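As structure tokens, the structure follows; a few thoughts come after it.
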There are 2 protein chains.
Amino acid sequence: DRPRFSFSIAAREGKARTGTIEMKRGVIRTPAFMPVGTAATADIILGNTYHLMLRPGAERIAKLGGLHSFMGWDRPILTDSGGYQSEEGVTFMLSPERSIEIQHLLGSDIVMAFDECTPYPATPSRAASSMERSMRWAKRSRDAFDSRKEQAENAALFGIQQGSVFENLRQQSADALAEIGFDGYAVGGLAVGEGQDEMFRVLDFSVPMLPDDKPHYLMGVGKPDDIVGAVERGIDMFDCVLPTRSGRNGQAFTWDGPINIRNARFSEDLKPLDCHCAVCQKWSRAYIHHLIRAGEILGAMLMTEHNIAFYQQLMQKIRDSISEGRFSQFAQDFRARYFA
Amino acid sequence: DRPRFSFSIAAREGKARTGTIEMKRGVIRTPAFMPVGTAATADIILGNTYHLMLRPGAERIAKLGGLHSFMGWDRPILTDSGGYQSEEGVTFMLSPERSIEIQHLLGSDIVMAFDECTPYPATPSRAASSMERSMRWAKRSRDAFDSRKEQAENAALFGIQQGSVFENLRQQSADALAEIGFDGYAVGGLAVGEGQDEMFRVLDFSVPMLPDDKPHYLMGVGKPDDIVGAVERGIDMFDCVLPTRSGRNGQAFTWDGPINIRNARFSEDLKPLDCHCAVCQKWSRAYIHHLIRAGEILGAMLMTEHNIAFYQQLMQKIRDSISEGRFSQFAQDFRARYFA
Ligand SMILES: [Zn+2]
Ligand SMILES: [Zn+2]
């Protein structure tokens, strides 16, 4: 039987790491991409806390046996805390205590502390006030989590760093989070419209502030090139709505960049979408083009499956190249071809 | 190597038959349900002639290698003739000759003659004039089909009976079609809003007019109970948009009748949709309810897969019970439970 939570780093290259998170429901290979569980029929999937508490409701999910039984997914599940107004929480009611209990009822394996994702841009004073409240909320999340024996003994809790783009606030947040103590640490408050250069700049000083021996989760990121750059800066875990969102709107990710398959230039293109996935085996660009142009749900479903599969192939190549000490070369080859 | 076209009846019960159509691309077990090929990832599928000639166009499909390569389906394909205004054809241009050539370019295995599907209701004089033109068009379809060696030697041609609800016109149409000679015979002009009692009434006298030793295809039908009743009256082949249409709109077919899965009574129902299909294995009514209510494409896709699978399980039970001489009992048990 695996432990509740064990992170081990198998290989490093510069700031990049590769390794495994062991949990009771399975092993997560890192760097990891964590897709939304409702995308299609990955070592871990995401549950949509905010949606689930509104429909059918966390208590109803609990009565139906929890998210694992509900979704037919017996491997780990991560839930966000739902925050993405007062010291107690937010009314719209949601608080650190209520957020933790909701995630408990859903049965998730990785529980996010309840935070306040600072808007961008933000003054230093606003970013500081928001970070300080998130740190008080992180301590309340820790305590609520620890009060529930089933949760404390079988789940894991991640703290979320805030502080906007300010190095001194990011440092203070990391210090507060480490002193409380969490199983993993998320870099929050990015992917809120800052642009890639700025995000990378903030990651450059922010990730080393976190405990090196714990997983680092960059919330909301991102495009394939965002992921490569963030692994280069020490991120271990990723979630992003892009692969599933893009699939509905006609956008496919390939090693040569994203393409819009609805474009007329693909109407007679017999090459597959890119790739090893089942879609790229049997289906041409031309046929997927046709399905999507015709409004057929099969088209969107095949596009979504390809995009999900592409992200996992990307993460596999990242893990292998770090393990083999050629990630720097991989990142360089990836960007030359992706932006060609 | 199989023949171009061979229909053999293995067992009969009353007017019902069960058997096989052998074609070069495979064997079709009858009675057969023929789903639209673009529904999901059946012994034969349907191509949408009218749509395909508009996008991307029949010549473009031919340049891409034909429908089999285009869709990744190496088994038989049936295409309708596109008719569903003058003696030459219809402008909107489509004629018996053009319809046959389009179906040739698409590469379909079973080719429908170009007909005029009489509107309902229709006076005897209108039904007669329309049937008479369809019979002239059927002879032109035969000749065009026979002029193309690749088509005549590798495909099959079905004639379509018309005549509305009038026994004397149905008889005249069957006579004209048999004298021309076709590989199979469709009963056309039903499922146009006549209601099940009327359709069954017309089938009662119309199907025995067709050659007994050739397959009988009831176009556009239908609901599961329509199919059972039409097999009881000697139909061998079916197509219907219902299983794929219903899946998008929340309707699932079950042995206890159709249900609308969006209905709140399914929000905590842990039973599967019905069934042996992959959906009914892993997925509860409650989770599919949730997916569809949330607008998730996965929900519609799972509903469509279930409906397609249900129709094929229905056809398998029909074939087995005819083969075992218990179809009359099956039909009775089916209706008692389906309408309970
Ligand atoms: Zn692919
Ligand atoms: Zn099923």
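No lab work stands behind these numbers, since they all come straight from the coordinates. For neighbour counting, all protein chains shown are included, and Cβ atoms are generated from backbone atoms with ideal geometry for every residue, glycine included.
Inspect all residues belonging to region A:279-296 and state whether any of them is more than 26 Å from the chain's Cα centre (by Cα), of a type in the set (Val, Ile, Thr) and under 25 Å from residue B:308 (Cα atoms). Break it down stepwise before answering.
Step one: filter region A:279-296 for residues more than 26 Å from the chain's Cα centre (by Cα), giving A:281-296.
So of that shortlist, the ones also of a type in the set (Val, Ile, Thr) come out as A:288, A:292.
Checking the rest, the ones that are also under 25 Å from residue B:308 (Cα atoms) come to A:288, A:292.
The answer is yes, given that some residue of region A:279-296 is more than 26 Å from the chain's Cα centre (by Cα), of a type in the set (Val, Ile, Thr) and under 25 Å from residue B:308 (Cα atoms).
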Worksheet item: Here are A:253, A:339, A:266, A:310: which of them is within 16 Å of ligand 1 (Cβ to nearest atom), out of contact with any helix residue (DSSP H, G or I) (no Cβ under 6 Å at 6 or more places or on another chain) and of a type in the set (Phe, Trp, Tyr)?
Response: A:310
Discussion item. Which pairs turn up if I take residues in region A:300-328 that are within 14 Å of chain B (Cβ to nearest Cβ) and more than 21 Å from residue A:15 (Cα to Cα) and look for partners that are assigned to a helix (DSSP H, G or I) and within 16 Å of ligand 2 (Cβ to nearest atom) with beta carbon separation below 8 Å, at least 6 apart in sequence or on another chain?
Written reply: A:301/B:298; A:301/B:301
Practice prompt. Take residue B:229 and decide whether it is at positive phi and away from ligand 1 (no atom under 16 Å from the Cβ).
Written response: no
Worksheet item: What residue, of B:66, B:83, is at positive phi and of a type outside the set (D, E, K, R)?
Response: B:66
Worksheet, complete the sentence: Going through region B:41-58 in order, the residues found to be facing another protein chain (nearest Cβ under 10 Å), outside any loop (DSSP other than H, G, I, E, B) and touching a strand residue (DSSP E or B) at 6+ places or on another chain (Cβ under 9 Å) are B:52
Practice prompt. Working only within region A:178-190, note down all residues that are touching a helix residue (DSSP H, G or I) at 6+ places or on another chain (Cβ under 7 Å) and under 23 Å from residue A:121 (Cβ atoms).
Written response: A:187, A:190
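Results for (1) crowded, with 20+ Cβ neighbours inside 10 Å; (2) out of contact with any strand residue (DSSP E or B) (no Cβ under 6 Å at 6 or more places or on another chain); (3) within 14 Å of chain B (Cβ to nearest Cβ); (4) not in a strand (DSSP E or B), shown as yes or no for each residue.
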site	(1), (2), (3), (4)
A:39	yes, yes, yes, yes
A:60	no, yes, yes, yes
A:65	no, yes, yes, yes
A:69	no, yes, yes, yes
A:85	no, yes, no, yes
A:98	no, yes, no, yes
Worksheet item: Out of all the residues in region B:275-285, is one or more touching a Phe, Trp or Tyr at 6+ places or on another chain (Cβ under 6 Å), closer than 24 Å to residue A:248 by Cα and within 7 Å of chain A (Cβ to nearest Cβ)?
Response: no
Discussion item. Of the conditions (1) surrounded by 20 or more Cβ atoms within 10 Å (Cβ to Cβ); (2) among the polar types (S, T, N, Q); (3) out of contact with any helix residue (DSSP H, G or I) (no Cβ under 7 Å at 6 or more places or on another chain), residue B:304 satisfies every one except a single condition; which number is it?
Written reply: (3)
Worksheet item: Do we have any residue at all in region B:287-305 that's touching a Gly at 6+ places or on another chain (Cβ under 8 Å), within 13 Å of ligand 2 (Cβ to nearest atom), not in a helix (DSSP H, G or I) and not basic (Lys, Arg)?
Response: no
Worksheet item: Within region A:234-274, how many residues turn out to be closer than 30 Å to residue A:184 by Cα and either within 16 Å of ligand 2 (Cβ to nearest atom) or within 11 Å of chain B (Cβ to nearest Cβ) (or both)?
Response: 1
Practice prompt. Those residues that are crowded, with 23+ Cβ neighbours inside 10 Å and within 8 Å of chain B (Cβ to nearest Cβ), I need them from region A:287-296; list them, please.
Written response: A:287, A:290
Worksheet item: Looking at region B:183-201, which of its residues are of a type outside the set (S, T, N, Q), over 26 Å from residue B:8 (Cα atoms) and assigned to a helix (DSSP H, G or I)?
Response: B:197, B:198, B:199, B:201
Worksheet item: Applying the selection to region A:100-119, what residues are within 15 Å of the chain's Cα centre (by Cα) and either over 23 Å from residue A:194 (Cβ atoms) or outside any loop (DSSP other than H, G, I, E, B) (or both)?
Response: A:108, A:109, A:110, A:111, A:112
Item to complete: Scan B:310, B:266, B:253 and give me the residue that is within 30 Å of residue A:248 (Cα to Cα), among the hydrophobic types (A, V, I, L, M, F, W, C) and over 27 Å from the mean Cα position of the chain (by Cα).
Response: B:266
